[PDB]
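Trainee: Next up is a structure, given as structure tokens.
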Amino acid sequence: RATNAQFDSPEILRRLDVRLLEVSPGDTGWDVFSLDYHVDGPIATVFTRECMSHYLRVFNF
Amino acid sequence: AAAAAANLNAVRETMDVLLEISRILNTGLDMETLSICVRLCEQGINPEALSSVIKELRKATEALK
Amino acid sequence: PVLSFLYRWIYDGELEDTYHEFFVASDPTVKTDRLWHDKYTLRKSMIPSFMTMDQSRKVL
Amino acid sequence: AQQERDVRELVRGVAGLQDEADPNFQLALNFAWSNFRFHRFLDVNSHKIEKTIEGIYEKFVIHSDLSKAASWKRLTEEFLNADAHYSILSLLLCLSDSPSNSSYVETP
């Protein structure tokens with residue numbers, strides 16, 4: 001709401017949300033952070049879950 | 001016995017599989033320690049009770065090092 | 001009969017034969033979202049001679 | 001019988017005390033038995049453990065060590081032939097993470 005990110009339709013803004021990974025006993029926030037785009041429409045047919053790992057890896061880098 | 005030897009061979013196989021599993025789960029144990037743990041949960045004991053012990057005992061040997 | 005099955009596959013878009021006479025092999029499962037990729041499979045024995053492989057893929 | 005022997009050996013080895021007349025050994029042994037005779041513990045559910053093994057395998061493929069991930073799934077699949085399995089497994093899980101190796105001396 002503070003920055004320029006808000007300017008888009010509420011559905012795709014809702015579909016972006018934070019996400020955790022497998023936690024460690026020796027945990028920190030820099031160990032575990034991710035963004036999750038939610039696919040619940042028919043659009044899962046065009047984007048599969050193995051390509052989501054790629055976005056995660058590039059975002060991690 | 002002969003089948004008891006091949007059984008013992010398979011127990012060496014299982015403790016090596018568990019050694020791979022320990023080394024990429026990157027624990028403080030060596031082979032002989034996890035053998036003792038295998039004895040402990042072969043007779044039936046809590047892993048959540050053993051883990052707190054191993055976790056303070058490894059911290060109670062850096063306390064007087 | 002063949003051509004009526006063909007127009008059962010263009011103006012209906014659904015395979016309904018209880019016998020194997022058509023070049024499409026419909027699956028009983030109707031999946032969740034992997035439906036589109038996998039439910040329809042080319043039967044390569046009920047390809048007739050007046051229809052090449054290209055035509056069958058295209059109409060499928 | 002042999003449980004008490006195993007407890008004494010584990011505390012002697014891991015705590016690195018090779019004297020049984022050390023009072024620190026005795027206090028740690030009393031600590032250990034008081035911990036064992038106490039129970040507040042969530043008795044483990046095997047289904048959660050299976051999901052955890054899957055999640056570790058997923059974290060392996062996310063961080064792109066495919067040989068480690070595939071060997072890990074293959075080893076766990078071979079291991080679960082024929083309860084004691086899950087006990088041992090969850091112990092190994094609980095004891096440490098936050099780092100990962102890459103499996104030297106592997107051709108089988």
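If you're wondering about the labels, chains in the structure tokens are A, B, ... by order shown, residues count from 1 in each chain, ligands from 1 in order shown.
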List every residue of chain C that has an atom at most 10 Å from any atom of region 44-50 of chain A, and for each one report the closest atom pair and its distance in Å to one decimal, counting only C-alpha atoms, with rows sorted by chain and then by increasing residue number, as a Markdown table.
Mentor:
```
| residue | atom | partner | partner_atom | distance |
| --- | --- | --- | --- | --- |
| C:32 | CA | A:45 | CA | 9.6 |
| C:33 | CA | A:45 | CA | 5.8 |
| C:34 | CA | A:45 | CA | 6.6 |
| C:35 | CA | A:45 | CA | 8.3 |
| C:36 | CA | A:45 | CA | 7.2 |
| C:37 | CA | A:45 | CA | 8.2 |
```
Trainee: Write the residues of the preceding selection, restricted to N, CA and C atoms, as a JSON list (two decimals), in the first residue's frame.
Mentor:
```json
[["chain", "number", "residue", "atom", "x", "y", "z"],
["C", 32, "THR", "N", -7.71, -33.60, -13.13],
["C", 32, "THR", "CA", -8.01, -32.34, -12.49],
["C", 32, "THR", "C", -7.61, -31.22, -13.43],
["C", 33, "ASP", "N", -6.32, -31.07, -13.74],
["C", 33, "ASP", "CA", -5.83, -30.01, -14.61],
["C", 33, "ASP", "C", -4.87, -30.56, -15.66],
["C", 34, "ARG", "N", -4.43, -31.80, -15.47],
["C", 34, "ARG", "CA", -3.66, -32.55, -16.45],
["C", 34, "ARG", "C", -4.57, -33.20, -17.48],
["C", 35, "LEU", "N", -5.87, -32.90, -17.41],
["C", 35, "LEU", "CA", -6.91, -33.27, -18.36],
["C", 35, "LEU", "C", -6.53, -33.01, -19.80],
["C", 36, "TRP", "N", -6.01, -31.81, -20.06],
["C", 36, "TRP", "CA", -5.84, -31.33, -21.43],
["C", 36, "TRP", "C", -4.73, -32.08, -22.14],
["C", 37, "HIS", "N", -3.67, -32.42, -21.42],
["C", 37, "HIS", "CA", -2.50, -33.01, -22.05],
["C", 37, "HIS", "C", -2.68, -34.50, -22.34]]
```
Trainee: Please give the complete set of residues from chain C that DSSP, run on the backbone, assigns to strand (DSSP E), formatted as a list in words.
Mentor: residues 24, 25, 26, 40, 41 and 42 of chain C
Trainee: Looking at only C-alpha atoms, which of D:64, D:3, D:107, D:76 is the one that sits closest to residue 14 (chain B)?
Mentor: D:76
Trainee: Got a sec: who's within 6 Å of region 42-55 of chain B, counting only C-alpha atoms, leaving out chain neighbours fewer than 3 positions off, as a list in words?
Mentor: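 Those residues are residues 38, 39 and 58 of chain B; 91 and 95 of chain D.
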Trainee: Using only N, CA, C and O atoms, please write the residues we just selected to a file, as a tab-separated table (two decimals), in the first residue's frame.
Mentor:
```tsv
chain	number	residue	atom	x	y	z
B	38	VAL	N	20.94	-46.74	17.17
B	38	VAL	CA	20.16	-47.78	16.51
B	38	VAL	C	19.77	-48.85	17.51
B	38	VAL	O	18.64	-49.35	17.49
B	39	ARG	N	20.68	-49.18	18.44
B	39	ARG	CA	20.33	-50.04	19.57
B	39	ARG	C	19.19	-49.45	20.40
B	39	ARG	O	18.25	-50.17	20.78
B	58	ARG	N	26.17	-32.23	23.33
B	58	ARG	CA	27.11	-31.62	22.40
B	58	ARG	C	27.37	-30.16	22.73
B	58	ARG	O	28.36	-29.59	22.26
D	91	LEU	N	14.46	-39.34	14.30
D	91	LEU	CA	15.64	-38.98	15.08
D	91	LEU	C	16.67	-38.27	14.22
D	91	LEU	O	17.08	-37.15	14.57
D	95	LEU	N	17.76	-34.24	14.75
D	95	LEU	CA	19.10	-33.95	15.28
D	95	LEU	C	19.83	-32.77	14.64
D	95	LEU	O	20.34	-31.91	15.35
```
Trainee: With only C-alpha atoms as the counted atoms, please give the residues lying no more than 7 Å from residue 68 (chain D), apart from itself and same-chain residues fewer than 3 positions off, as a short mmCIF file (atom, residue, chain, number, x, y, z; two decimals) with C-alpha atoms, in the first residue's frame.
Mentor:
```
data_model
loop_
_atom_site.label_atom_id
_atom_site.label_comp_id
_atom_site.auth_asym_id
_atom_site.auth_seq_id
_atom_site.Cartn_x
_atom_site.Cartn_y
_atom_site.Cartn_z
CA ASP D 65 21.61 -31.21 -6.31
CA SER D 71 20.02 -41.01 -4.35
CA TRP D 72 18.12 -39.79 -1.28
CA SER D 102 26.80 -34.01 -1.56
CA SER D 103 27.54 -37.75 -1.02
#
```
Trainee: Dump as CSV the rows for residues of chain D within 8 Å of chain A: closest atom pair and distance in Å with one decimal, only C-alpha atoms counted, ordered by chain and rising residue number.
Mentor:
```
residue,atom,partner,partner_atom,distance
D:55,CA,A:22,CA,6.6
D:56,CA,A:22,CA,7.1
D:59,CA,A:22,CA,6.9
D:62,CA,A:53,CA,6.1
D:63,CA,A:57,CA,7.4
D:94,CA,A:25,CA,7.7
D:96,CA,A:25,CA,6.8
D:97,CA,A:24,CA,5.5
D:98,CA,A:24,CA,5.4
```
Trainee: Within 10 Å of residue 39 (chain C), counting only C-alpha atoms, which residues show up once you throw out same-chain ones fewer than 3 positions away? Write them as a PDB file with C-alpha atoms, in the first residue's frame, please.
Mentor:
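Final output, saved to out_1.pdb:
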```
ATOM      1  CA  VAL C  24      -8.825 -41.646 -30.613  1.00  0.00           C
ATOM      2  CA  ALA C  25      -8.351 -43.488 -27.321  1.00  0.00           C
ATOM      3  CA  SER C  26     -10.277 -41.644 -24.621  1.00  0.00           C
ATOM      4  CA  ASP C  27      -9.279 -42.298 -20.999  1.00  0.00           C
ATOM      5  CA  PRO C  28     -11.838 -43.110 -18.265  1.00  0.00           C
ATOM      6  CA  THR C  29     -10.245 -40.600 -15.904  1.00  0.00           C
ATOM      7  CA  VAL C  30     -11.227 -37.018 -16.441  1.00  0.00           C
ATOM      8  CA  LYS C  31      -8.295 -35.472 -14.611  1.00  0.00           C
ATOM      9  CA  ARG C  34      -3.663 -32.551 -16.451  1.00  0.00           C
ATOM     10  CA  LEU C  35      -6.909 -33.269 -18.355  1.00  0.00           C
ATOM     11  CA  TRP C  36      -5.841 -31.334 -21.425  1.00  0.00           C
TER      12      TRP C  36
END
```
Trainee: So which bits of chain B end up helix (DSSP H, G or I) when you DSSP the backbone, as number ranges by chain?
Mentor: B: 3-24, 31-42, 47-57
Trainee: Please produce an output containing C-alpha atoms for each residue in the selection, written as a compact mmCIF listing (two decimals), in the first residue's frame.
Mentor:
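And here's selection-v6.txt as it stands now:
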```
# COMPACT_ATOMS: atom_id res chain seq x y z
CA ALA B 3 22.15 -66.84 6.90
CA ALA B 4 23.19 -65.08 10.11
CA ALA B 5 26.32 -63.90 8.31
CA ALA B 6 24.32 -62.55 5.35
CA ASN B 7 21.90 -60.95 7.82
CA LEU B 8 24.91 -59.29 9.45
CA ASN B 9 26.02 -58.24 5.97
CA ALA B 10 22.64 -56.58 5.41
CA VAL B 11 22.93 -54.83 8.80
CA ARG B 12 26.24 -53.40 7.60
CA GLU B 13 24.38 -52.30 4.45
CA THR B 14 21.65 -50.63 6.53
CA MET B 15 24.16 -48.88 8.79
CA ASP B 16 25.98 -47.59 5.69
CA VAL B 17 22.69 -46.37 4.20
CA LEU B 18 22.07 -44.63 7.51
CA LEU B 19 25.61 -43.26 7.30
CA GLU B 20 24.83 -41.66 3.90
CA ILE B 21 21.55 -40.39 5.36
CA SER B 22 23.44 -38.93 8.34
CA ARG B 23 26.15 -37.31 6.26
CA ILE B 24 23.79 -35.42 3.97
CA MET B 31 29.34 -44.45 12.73
CA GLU B 32 29.82 -45.91 16.20
CA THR B 33 27.54 -43.32 17.85
CA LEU B 34 24.61 -43.85 15.49
CA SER B 35 25.09 -47.59 16.05
CA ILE B 36 24.34 -46.99 19.75
CA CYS B 37 21.32 -44.91 18.75
CA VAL B 38 20.16 -47.78 16.51
CA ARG B 39 20.33 -50.04 19.57
CA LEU B 40 18.26 -47.48 21.51
CA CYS B 41 15.42 -47.30 19.02
CA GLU B 42 15.65 -51.00 18.17
CA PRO B 47 13.73 -39.97 19.16
CA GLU B 48 12.41 -36.73 20.65
CA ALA B 49 13.77 -37.79 24.04
CA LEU B 50 17.17 -38.80 22.61
CA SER B 51 17.48 -35.62 20.54
CA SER B 52 17.28 -33.24 23.50
CA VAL B 53 20.00 -35.27 25.24
CA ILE B 54 22.33 -35.26 22.24
CA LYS B 55 21.60 -31.56 21.73
CA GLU B 56 22.63 -30.50 25.21
CA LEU B 57 25.50 -33.01 25.53
```
Trainee: When the cut-off is 9 Å and we count only C-alpha atoms, which residues of chain D are near chain B, given as an MDAnalysis selection string?
Mentor: chainID D and resid 3 6:7 9:11 13:16 28 31:32 35:36 39 41:44 68 72 75:76 79 84 87:104
Trainee: Which residues are close to residue 35 (chain A), i.e. within 9 Å by only C-alpha atoms, leaving aside same-chain residues fewer than 4 positions away? Reply as a PyMOL selection string.
Mentor: chain A and resi 16-20+56+59
Trainee: Could you write out that same residue set with N, CA, C and O atoms as a PDB file, in the first residue's frame?
Mentor:
```pdb
ATOM      1  N   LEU A  16      -0.451 -13.042  -5.397  1.00  0.00           N
ATOM      2  CA  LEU A  16       0.908 -12.945  -4.899  1.00  0.00           C
ATOM      3  C   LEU A  16       0.821 -12.918  -3.383  1.00  0.00           C
ATOM      4  O   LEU A  16       0.057 -12.126  -2.819  1.00  0.00           O
ATOM      5  N   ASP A  17       1.549 -13.820  -2.731  1.00  0.00           N
ATOM      6  CA  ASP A  17       1.601 -13.831  -1.276  1.00  0.00           C
ATOM      7  C   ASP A  17       2.888 -14.520  -0.858  1.00  0.00           C
ATOM      8  O   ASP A  17       3.468 -15.289  -1.618  1.00  0.00           O
ATOM      9  N   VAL A  18       3.312 -14.255   0.372  1.00  0.00           N
ATOM     10  CA  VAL A  18       4.540 -14.826   0.916  1.00  0.00           C
ATOM     11  C   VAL A  18       4.417 -16.334   1.107  1.00  0.00           C
ATOM     12  O   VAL A  18       3.311 -16.884   1.112  1.00  0.00           O
ATOM     13  N   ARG A  19       5.550 -17.012   1.269  1.00  0.00           N
ATOM     14  CA  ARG A  19       5.576 -18.465   1.365  1.00  0.00           C
ATOM     15  C   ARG A  19       6.836 -18.881   2.108  1.00  0.00           C
ATOM     16  O   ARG A  19       7.908 -18.293   1.934  1.00  0.00           O
ATOM     17  N   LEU A  20       6.699 -19.926   2.919  1.00  0.00           N
ATOM     18  CA  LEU A  20       7.816 -20.522   3.624  1.00  0.00           C
ATOM     19  C   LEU A  20       8.231 -21.808   2.927  1.00  0.00           C
ATOM     20  O   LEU A  20       7.510 -22.354   2.090  1.00  0.00           O
ATOM     21  N   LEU A  56      11.584 -19.667  -8.348  1.00  0.00           N
ATOM     22  CA  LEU A  56      12.098 -19.664  -6.991  1.00  0.00           C
ATOM     23  C   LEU A  56      13.615 -19.589  -6.967  1.00  0.00           C
ATOM     24  O   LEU A  56      14.191 -18.837  -6.176  1.00  0.00           O
ATOM     25  N   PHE A  59      14.775 -16.183  -8.171  1.00  0.00           N
ATOM     26  CA  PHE A  59      14.446 -15.214  -7.145  1.00  0.00           C
ATOM     27  C   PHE A  59      15.369 -15.361  -5.951  1.00  0.00           C
ATOM     28  O   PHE A  59      15.700 -14.376  -5.295  1.00  0.00           O
TER      29      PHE A  59
END
```
Trainee: Pick the closest to chain C from A:41, A:2, A:51, A:58: which is it, counting only C-alpha atoms?
Mentor: A:41
Trainee: Just how far from CA of residue 60 (chain C) is CA of residue 42 (chain C), in Å to one decimal?
Mentor: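 One can read the CA of residue 42 (chain C) to CA of residue 60 (chain C) distance as 8.0 Å.
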